[PDB]
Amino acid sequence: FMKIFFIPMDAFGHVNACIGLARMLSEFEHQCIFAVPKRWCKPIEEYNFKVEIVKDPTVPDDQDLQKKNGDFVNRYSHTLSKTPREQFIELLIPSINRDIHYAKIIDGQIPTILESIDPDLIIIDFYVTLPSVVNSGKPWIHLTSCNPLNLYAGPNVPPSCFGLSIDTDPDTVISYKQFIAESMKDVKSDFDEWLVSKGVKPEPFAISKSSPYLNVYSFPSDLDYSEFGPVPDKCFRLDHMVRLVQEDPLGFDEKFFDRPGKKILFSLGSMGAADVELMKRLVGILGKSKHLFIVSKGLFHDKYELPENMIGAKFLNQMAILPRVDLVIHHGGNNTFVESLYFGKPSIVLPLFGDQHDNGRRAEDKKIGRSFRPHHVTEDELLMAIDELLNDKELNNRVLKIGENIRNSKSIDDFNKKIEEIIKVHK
């Protein structure tokens, strides 16, 4: 039994992965404590974990959980259709600047919470380094909740966030890595100054320090990047971090499931549906599909309507819906992607940005779904892909087998043994 201290970035994609892993570790009678802003306190307490509040005076205690990222996606909607290269400068770097802003707000509050809680182990799900964790003198694990391609970074291996593969021309890979290094210079220069001020040595190129203890990620064995070598050094693969139960209301009348017809979950994640004009175009196409859609309509749900073959709400109980659908249309977010495979569902992937491009490429390359650019996909492409995947028995059988493998995985038992050994070695 041990006290495990979880520090997630203040967004669904990080918090849900950490809740998933916390529930799995609670099974072994470990006590999991979360450091989050007040608005995230009751949502996490609904899973019966203890919360330590971090102050963020830039966000109200009672702000809607979807407001912070919804307003971001709304403000940057014009970048969501651009090439991965154009997105890097215009969207991903601005996105990382928001991660750095939050890291600077929480970092000064973590050392006192560590002294007061005295955890055995820290688990962080963050895209940038926390000096408070590096300098804690306690064992800490970095949790990757995004697609894991960046953990494989090195010679010959394509960089993440561009949908590239082992088959990409070396010239293109080299060009992308040079572009990323040039593009990140000023952000890294400013970030490193902050690290040095707190007595932390910067990384040569990254602004997120890999744990010298262990680095855990969430990706099915069947999908992992074995073509780029084994599980990377100091890394540990869990097949999934699915929270099996979700406390949220369904979000609409359950009687919808009594309507005859194949059921499709349409969800661009916790923030992507804040691109209202995109949601309107896609819903217009899906309105012509002779199936039934359940739609995660997002922060601006009140600004657009669904046609008669569809039901939707601001935010859905996605765990309750997934076992009742035949197909998922999503943005390639890593939680939604692994949740859909966990329940044996094929997927249509419509990547918006970042690691989603890699999950779109992975769905095509592993023949478990179809991927298109959401702002470009034609009515014919989208309607035909839906009928294709619903009717492809071989592909449905492959996705069922991946779900079986994910559910059969014992890797949580090995993970628990490794963390117990890590705590003993450093005592």
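Numbers follow the displayed sequence, beginning with 1.
Relative to its counterpart among 87-95 and 251-259, 251-259 has the higher mean temperature factor, C-alpha atoms as listed in the PDB entry. Annotation for 329-337 versus 288-296: the higher mean temperature factor (C-alpha) is found in 288-296.
In this structure the maximum Cα B-factor among 355, 190, 239, 125 is found at 190.
Placement of the Cα temperature factor of residue 16 within the chain: lowest third of the modelled residues, per the deposited record.
In the deposited entry, the Cα temperature factor of residue 198 sits in the middle third of values across the chain's modelled residues.
The deposited CA B-factor of residue 60 belongs to the highest third of values across its chain.
When the modelled residues of the chain are ordered by their C-alpha B factor, residue 351 lands in the lowest third. The entry lists a Cα temperature factor for residue 225 that places it in the lowest third of the chain's modelled residues.
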